[PDB]
Each structure stands twice: as C-alpha cells, then as structure tokens.
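In the block that follows, a single chain appears as structure tokens, in the form solved without the ligand.
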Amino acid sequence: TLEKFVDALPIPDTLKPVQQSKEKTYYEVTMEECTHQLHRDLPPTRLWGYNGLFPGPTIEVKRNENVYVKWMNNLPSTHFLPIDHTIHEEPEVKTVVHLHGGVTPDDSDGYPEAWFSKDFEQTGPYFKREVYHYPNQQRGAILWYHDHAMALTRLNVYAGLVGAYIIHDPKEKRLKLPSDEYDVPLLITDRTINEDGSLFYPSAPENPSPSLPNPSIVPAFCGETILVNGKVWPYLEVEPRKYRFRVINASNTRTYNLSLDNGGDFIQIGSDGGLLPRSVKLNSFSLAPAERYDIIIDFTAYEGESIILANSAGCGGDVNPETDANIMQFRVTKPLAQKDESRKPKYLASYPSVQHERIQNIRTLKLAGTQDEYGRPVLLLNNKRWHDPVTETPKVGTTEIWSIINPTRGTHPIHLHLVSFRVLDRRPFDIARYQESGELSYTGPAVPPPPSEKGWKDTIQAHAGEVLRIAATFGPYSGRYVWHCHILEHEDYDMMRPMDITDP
C-alpha cells in the first residue's frame, strides 16, 4: 500500500562526546520512548530509541581510541509489544547494549544477563558496570549496537534500539576510499506497521492452537515493509560518483538478497570483520541478520537515473514485487560538489591466510531443538538450554575449528562474540541419516568460501543440510561471552549459549 520512494533517506547524525581528550572519549546515550514519522503518509510511530532516535546516533571512533559509553535506560516501566512470560520478581523492561563485533572486555559486552531497568534500579545477575569500555583495538570496520536483554531481544530491537558504530583505522586512509558525505551507513529493518502508524509485532502465530499461551513467541518474523535508516522505502539523492555504503542487516529474522535494478555492480571492500584482502565485483549478495557489507557503488555512469536497490530473497513466501522486493531508490541527480578523488582499489589488506595457526581444538556443534509443553519449537545449540552449564570453553590465545552441523530446514546466521573468524568450507550431508543414527556422511565435496567470505567474519550463514567449518582465535580477552543464532526469535527461545574464554 504505502507509496515507495517518497521520503529522503535520513543520515543519522554522528554522536558528539560529552567529554573528550587524547586519553579518553566519553559518551552518554539514553534510551527513550519517542515518536517518529516513518513514512510521508503515516501518523508518527511510537518507538524506543537511543537518544530518542531511530536509528540511534552513529558513533564514530578511531582504532585504539579509548572509548566509554554510559548506556542508560530511561524507558517506560512497561513494554508496548507483546511479552511472552512462558519462555524465561524482575522488572518487565530490561535492557543491555551489545556492541556487535566489538573487541570488548566481557563486562562491557552486553551480556544478556547483565541487563538493567530504568536508572539501573534493578540489575541482572551478571551486571557489573554502568559505563561500558570500548578500547577499539581491532581492525577498522562496521559494527552496530543493539539491545541484548535476556528473553526480550527480539522485542527491544524491533522497538527501534539499533544504531551504527564505525571504527576508522587511519592507516586505511591511503586507500582513498569514498569518505565523509560519500560514506553512508544503511541500516535495513523490515517492519509491519498498522493504519494508525503504530508498530505491529505478532502476539501469536497464525492459527493459534488453543494450547498456546498469550502472548506466545513466534518462530520467525517477516515485516510487510522495508525501512532504511528509519524510513519506509526511502530515496537517496546521490552525485554521479563513487559512494561507500556500510550495509547492516538490523532486522529480526529477514534475509535480504540485494541487487541494482539497472544491472550495475557493487564493489565489496569489507565484511563484518573489516576490509577484505581484495575487492570483489558483485552483482548480488545475501545479507542475513547482523551481517554487514562494506561496499562501493559507482554512480559515475548513471547520471539522471533512478536505480532501485532490489531484493529477491523470500521471507515466509516469495517477494512481492510491489513491497519487499524493494529496499530503496538511488537518484543520481545531485550536482558534483567536487572532483571524485576517491578510489576503488583492488589491493586492500593482508590476507587472513598470512597468519599460521596451531589448531588447539575442534568442536562439533549441532543446530537442533525440541518441543515444549505447548507444542512450540524450542531452538537449541547442541541440545542445550541457555541456563545449562557452559560447554564452549576455548582457551585464551588459542585457535579452534568449529564444525557447525545444520540438519534443520533453514539457514541460521551464527554469531560469536568478541572474535572475528575466517571461513574454511561448507559441505552437504545426508539429513535423514544424521537424524536416524547421529552419523554424518557427506553427499559431495567441500566448498571453500567465495571471495566475499575470504576476509574476517563474525556472523555467518549456516545453510540447511550442511556442515560449516570456521576457524577462530579467541582473545585477546578472557571471560564470559556468548555465541548464538542472530535470528532474534530463535535467540530468545532458546538458541543462545554461554561461552567461557579461559585463562590457563
């Protein structure tokens, strides 16, 4: 229904520090209930936002900048979305901020049980500090921050609690990539919106078996509408030149498969973990929840054109050409402000291969689940609940191969905190046999990663009927972290596990 391409794409302002010196940068971000218009033709929407903004302000830091952010909850004491009480005396509204892809001390990582309520009145069992510490001793990259509170993540994020966080490495400046105004984040979230403009989040699955509690969690969420940077199907006026985009899938469930309707190419220059070693010319790319693509789009040859960023991946069905087949629209009509001095270099960074690592351990992990007393699917990593004693206990400074078995019907974007990792390969196997006997026979050879996945990843798509192998060096910090599916509906029930990085 909503008319496509009638609102300009908002560019979230960069957060200004409360105090800053050479030794440290200090920010304050408070979560607020606020209203914002999401489309020219809608009444304002009630949202929860970092500093009352949706998306939250973009935070920009340098490699090794010593940063502190005091994340504060100043939200209402009751939620506005359907809470399922059967899945977890504590406050109804709990929040904790996770800097996804951050190389972070464990008590600044936004552990699900380090949640806090309004003004920190009550705090979860794993809470230690108000002011998070981000030393940012990691590669230049696109991070994003979002809520991570136990049993509430799918809800708090859907409410609007997402933002971008960029680490700039000054040594990457020589590459001369598009920058400043020509470097633009795109946070993509699908939403379903009611006529009065309020957010809709389902309080039960369709055909609620009379067994189900009310509200009941749902296995997956697909929105009828795509937003980018907080506007339904927006347009961006661009100059006819090279642009850099930080593409972030900030949606609960939905996977995008992006292309340009004029047949133009993306130049991939970066993955979750930063610059790829070599740029990759791409015609389409898959982007599952929490994945990030750092791309250049060359508008030089398309002056005057309107180009749709299009999507082909279904979400609980085929794309509707009028709705979710559309993400946004570029209009190459802005006059040049100056000569395009930016570059699209082939040679970007050292290969991850350059470093030789002793494999200390090899974990086999399965994506499984069971069914609760109401008949619902309960998703589990290794048939273990979140509350079960920890089993993933890598040693600090060591490298493991994780071997992720997926006998389910769907893809799972598996995310590991603290570390970025590389991809080894994927291999199809007999699902019926694995389920019958617990034994694994591969039905075809190993497939190494495409160039897209030959850098550093931290969220990785594990396709159905495959075994995915990744290699991660755990460090530099020890402590209590998490690994989980990043489909929020899965994560909350109950596809999330503790991870202890140990000291010897």
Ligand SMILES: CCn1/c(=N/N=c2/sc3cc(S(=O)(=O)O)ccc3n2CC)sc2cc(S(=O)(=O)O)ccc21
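Start at 1 and count along the sequence shown; that's the residue number.
Below: the form solved in complex with the ligand, not depicted.
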Task: Open or blocked: site for the ligand, pose in the deposited complex superimposed, 2.4 Å backbone/C-beta cut-off, 3-atom minimum - done: open
Open item on the list: Looking at heavy atoms inside 4.5 Å, which stretch does the ligand contact in the deposited complex, given the options 312 to 320, 381 to 389, 193 to 201, 124 to 132?
Closed with: 312 to 320
TODO: Note which of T104, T253, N156, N229 lies within 4.5 Å of the ligand in the deposited complex, where distance is taken over heavy atoms; exactly one does.
DONE: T253
TODO: Name the residue from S279, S286, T411, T225 that puts a heavy atom within 4.5 Å of the ligand in the deposited complex.
DONE: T411
Open item on the list: I'd like to check something about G264: if you look in the deposited complex, is any of its heavy atoms closer than or equal to 4.5 Å to a heavy atom of the ligand?
Closed with: no
- [ ] Could you confirm whether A220 comes within 4.5 Å of the ligand in the deposited complex, counting heavy atoms only?
- [x] yes
Open item on the list: Against the ligand in the deposited complex, would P213 count as a contact residue? Criterion: heavy atoms within 4.5 Å.
Closed with: no
Open item on the list: I'd like to know if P377 sits close to the ligand in the deposited complex, meaning any non-hydrogen atom pair within 4.5 angstroms.
Closed with: yes
Task: Partner contacts in the deposited complex for 448 to 475 (non-hydrogen atom within 4.5 angstroms of the ligand) - done: none
